[PDB]
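Consider the single chain below, provided in structure tokens and representing the form deposited in one PDB entry.
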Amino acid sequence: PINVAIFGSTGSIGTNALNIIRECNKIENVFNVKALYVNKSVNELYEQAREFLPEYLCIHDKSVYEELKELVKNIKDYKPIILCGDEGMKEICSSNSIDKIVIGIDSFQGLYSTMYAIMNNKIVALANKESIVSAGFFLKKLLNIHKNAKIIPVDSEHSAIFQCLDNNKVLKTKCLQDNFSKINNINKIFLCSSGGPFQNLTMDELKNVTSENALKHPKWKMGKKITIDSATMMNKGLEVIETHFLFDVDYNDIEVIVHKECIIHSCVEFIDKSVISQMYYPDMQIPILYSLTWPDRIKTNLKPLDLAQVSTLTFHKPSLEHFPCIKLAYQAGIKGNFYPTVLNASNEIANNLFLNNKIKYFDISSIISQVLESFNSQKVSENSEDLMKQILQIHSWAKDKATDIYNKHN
């Protein structure tokens, strides 16, 4: 039985995780949902508790802690450990009855819960790409100290890559470990992208696009931040750095390819030049499930891929003139040091400004570029705690710097 905790259980990743766990458990009882952690949606947490009856419940917002305890009293024959805040999160991570943790939280609390999951030697299904891009150095250091901890990618493209590999070799290494690509015989990565809602706009059309325009995607419904990142292709920029860190693949060996049908989720070229790819309909249940079953697979009742009906798959190179964010991401990764931290942070601000109609499309890449230009590389701290603090400081500096550039151009 797979004992799992879901962090951010009412968010998109969390709800998809619970959906596929429910459906798979109907086929065969494989999963015990041992813990649920949510921010403030106490009614939904209660509804989830009613169904999954986890040993642990944690709600981040203390102001509804008391409300949750009262709600849970309605549930027959059920006496969970009910917790609150950051320390409830640490307590869940320290439990011996939990093997795997799904991190479906963004920003700080994402990195924070990830850190604690690793320190407790857990298998960590990580869906927060920003944490890998921003804190890749720290995660690598932590995984070197906590040798039985493992990060398993949930981001769809990185799951695809992971699935294309031979588990016989994967089991001799782990994500974020030096030599991962060498041990797995990886030569090159094709990172497939939907291309976003602006993929066929002219330069003139791009100058004027608004977030309202973007918040209508050609394939999926998602959170606002990632939708904007998909529109600028900074999402794929972030995913390039994520690939580099997860799989130890050199930047000149990662190619972004636009695949508008979203059936092939990414491909791996091995040293013999054979290419393996993973395919399915656009659906996050597959990557989430695999992160929890790896290195095995279990049955689902998902709709089988009908290739003949899909009929046609297309691929083209993205225009770096139209999607300059892709270029900035490569430049920042190749530069190394903490440039990815700065890229991530400055993008956070620029994405939000465009979201809220404060700047235009090309101002996004302009602002990020100027912040990157501005940064000066730093000696990387050897101590893991100092390194974490250094990352946070650079992150905060870069957000402030972006904001100041905005305020200059008003």
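Heads up: residue numbers just count along the shown sequence, starting at 1. Whichever C-alpha set is largest while still superposing within 1.5 Å between the two forms counts as the rigid core.
What comes next is about the form deposited in another entry, which does not appear here.
K.L.:
Of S377, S374, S63, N356, which one's CA moves 2 Å or more between the shown form and the other one, core aligned?
P.N.:
With the rigid core fitted, the residue that moves is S63.
K.L.:
Please determine whether the C-alpha atom of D204 is displaced by 2 Å or more between the shown form and the other one following superposition on the rigid core.
P.N.:
Comparing forms between the shown form and the other one, the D204 CA shifts below 2 Å.
K.L.:
Quick check on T227: with the core superposed, does its CA move 2 angstroms or more between the shown form and the other one?
P.N.:
Where the cores coincide, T227 shows only a C-alpha shift between the shown form and the other one that is less than 2 Å.
K.L.:
Relative to the superposed rigid core, does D272 relocate between the shown form and the other one - that is, does its Cα move 2 Å or more?
P.N.:
After core superposition, the C-alpha of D272 moves less than 2 Å between the shown form and the other one.
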